[PDB]
Structure formats: structure tokens, C-alpha cells
Amino acid sequence: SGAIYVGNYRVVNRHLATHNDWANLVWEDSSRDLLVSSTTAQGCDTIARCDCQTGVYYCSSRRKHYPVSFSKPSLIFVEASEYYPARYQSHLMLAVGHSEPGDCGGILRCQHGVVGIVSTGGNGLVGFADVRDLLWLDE
Ligand SMILES: NC(=O)[C@H]1CCCN(C(=O)[C@@H]2CCc3cccc(O)c32)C1
Ligand SMILES: [Zn+2]
């Protein structure tokens, strides 16, 4: 679990969005596994606007942060799960690192700010949904 709180927005994994997220929906994209909902309180986070390919992410299944080298946002095949049929997920970045079910929502940051959130994993891999192209989060 986890979310990004920026301005009056809450960014979560679409597959983990709550009834309240859907009742305050701003934007969602199943192909990216993202959902943004509106908040009343002002957020605590700021978003990176950069091309970093190294950073640090939070891994809840280890209660620890790990450094990672990750690929540029791209269209990647993701096998069927209880949440989605087998499909291509867009704007996904892969890296070698630990992840398991429960770790979605962990934040990836570089020196400029938040880059994205954990969205996929498997056998020593971790995938992050990029949010750096969502310029409207800042306004
Ligand atoms: N974005 C998606 O389509 C997600 C939806 C939830 C299931 N998916 C996974 O990859 C899980 C969650 C992280 C993780 C780590 C290790 C193994 C795994 O199967 C998983 C795919
Ligand atoms: Zn950066």
C-alpha cells in the first residue's frame, strides 16, 4: 500500500483505489495502473520533472529503502492477475530489486522528487508506474 500526496491530489495504484478515491475521481488509466483522486488537505510530496534512471524506493516487505537503476518508461507485458487481464502496461519502469504482493504504492524518489510508485514485481524485479509526465499534478 501507499500513495503520493501533492497539492490537492492523492495518487494511488488504480487496483488499490478505495471507494472514496473513486467518489472523488480526477483521472484514472487502467493501462498505467494509476488513479488520482481529490483531497481537502494540502499534500506533503513534490514531483520530479527529470530523466533520472537511478533513485531509491521504499520496500514495505523489508521495511527498508533500496537504491535502484531503472529503465525508461515503456510498454511492458504484465501477466494476468486477480486485478487485470494479461495486457501491456504503459509508462512502466523496471529495476532489479525485491518486491512482493503488498509492496505496491511504495514511492520511488530521485534527487528531484517523487518519480513514481511500485506497481509490479517478480523474481528479483520491481516495476514502477511513472508519474513525471503528469504535469497537471503541480497546478
Ligand atoms: N500492475 C499490475 O498489473 C499489478 C497488479 C497486482 C498484481 N501484480 C503484481 O505484479 C504483483 C504485485 C507486486 C508483485 C511482486 C511480486 C510478484 C507479483 O506477482 C506482484 C501486477
Ligand atoms: Zn531526477
Side-chain angles (χ1 to χ4, degrees):
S1 66
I4 301 161
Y5 293 93
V6 51
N8 293 292
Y9 297 125
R10 167 174 142 106
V11 187
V12 291
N13 293 93
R14 191 190 185 272
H15 73 278
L16 298 177
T18 68
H19 301 298
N20 274 325
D21 283 321
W22 278 106
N24 290 283
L25 180 64
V26 171
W27 168 82
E28 56 73 36
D29 185 335
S30 176
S31 76
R32 293 181 62 157
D33 185 44
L34 291 181
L35 182 150
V36 180
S37 61
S38 62
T39 70
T40 52
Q42 212 74 33
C44 57
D45 293 310
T46 69
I47 310 301
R49 301 296 181 194
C50 72
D51 64 350
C52 290
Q53 285 184 247
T54 63
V56 174
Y57 77 107
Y58 182 67
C59 174
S60 58
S61 69
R62 294 286 179 272
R63 267 199 215 106
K64 264 175 178 142
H65 298 256
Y66 289 109
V68 277
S69 293
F70 51 93
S71 66
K72 288 183 194 208
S74 71
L75 243 198
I76 297 179
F77 177 79
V78 177
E79 238 282 75
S81 68
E82 50 216 334
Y83 302 92
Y84 293 106
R87 74 206 212 285
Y88 289 85
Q89 178 162 318
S90 63
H91 298 265
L92 183 63
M93 298 177 294
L94 300 188
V96 176
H98 180 70
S99 69
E100 59 184 90
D103 283 327
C104 289
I107 284 169
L108 175 62
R109 281 180 164 265
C110 65
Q111 69 190 102
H112 304 113
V114 173
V115 171
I117 48 169
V118 178
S119 176
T120 74
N123 1 255
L125 295 165
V126 55
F128 307 101
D130 186 53
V131 301
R132 294 176 289 185
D133 65 315
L134 304 176
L135 312 188
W136 52 268
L137 289 173
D138 288 330
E139 66 206 37

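Read the numbers this way: they start at 1 and go in the same order the structure lists the ligands and their atoms. Numbers here are sequence positions counted from 1. Just the heavy atoms: all of them, side chains too, but no hydrogens, waters or symmetry mates, feed the values below.
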Hey, does the side chain of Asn13 reach the backbone of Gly105 with a donor-acceptor pair shorter than 3.5 angstrom?
yes
Check: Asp103 side chain, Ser61 main-chain N or O, donor-acceptor pair, under 3.5 Å:
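Flag set: sc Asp103 to bb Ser61 pair under 3.5 Å.
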Where on [X] is there a heavy atom closer than 4.0 Å to ligand 1, on the side chain, on the backbone, on both, or on neither?
X	result
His15	side chain
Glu82	neither
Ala129	neither
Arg32	neither

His112, N/O/S atom nearest the Zn ion (ligand 2)
ND1
Answer whether the closest heavy-atom distance between the side chains of [X] and [Y] falls below 4.5 Å.
X	Y	answer
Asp133	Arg32	yes
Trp22	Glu28	yes
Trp27	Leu34	yes
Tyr9	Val26	yes
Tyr66	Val126	no

[X] neighbourhood, listing ligand 1 atoms whose heavy-atom distance to it stays under 4.0 Å:
X	result
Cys104	12 (C), 13 (C)
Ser99	15 (C), 16 (C)
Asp33	1 (N)
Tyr83	6 (C)

Vertex the Zn ion (ligand 2), arms to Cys50 SG and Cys110 SG, rounded to 10°
110°
Please report whether ligand 1 has a polar contact with [X], defined as an N or O pair separated by less than 3.5 Å (distance criterion only).
X	value
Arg87	yes
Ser119	yes
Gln89	yes

Protein contact to atom 14 (C) of ligand 1 [nearest heavy atom, distance to 0.1 Å]:
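Going by distance alone, atom 14 (C) of ligand 1 is nearest to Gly121 N, 3.6 Å.
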Judged by modelled atom types alone, do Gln89 and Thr120 share a side-chain donor-acceptor pair under 3.5 Å?
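Judged by distance alone, the side chains do not pair up.
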Any heavy atom of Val78 closer to ligand 1 than 4.0 angstrom?
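Per 4.0 Å heavy-atom rule, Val78 contacts ligand 1.
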Determine whether any heavy atom of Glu79 lies closer than 4.0 Å to an atom of ligand 1.
no
Spell out, yes or no, whether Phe128 and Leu94 are grouped together once hydrophobic residues are joined by side-chain heavy atoms under 4.5 Å, including indirect joins.
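They do not share one cluster, since no chain of ILVMFWY contacts under 4.5 Å joins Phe128 to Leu94.
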For residues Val12 and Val118: do they belong to one hydrophobic cluster (side chain heavy atoms under 4.5 Å, members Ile, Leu, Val, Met, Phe, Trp, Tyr)?
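No.
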Salt bridge check: are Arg87 and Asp33 linked by an N-O gap of less than 4.0 Å?
no
Please check atom 11 (C) of ligand 1 for a protein heavy-atom neighbour under 4.0 Å.
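False for atom 11 (C) of ligand 1.
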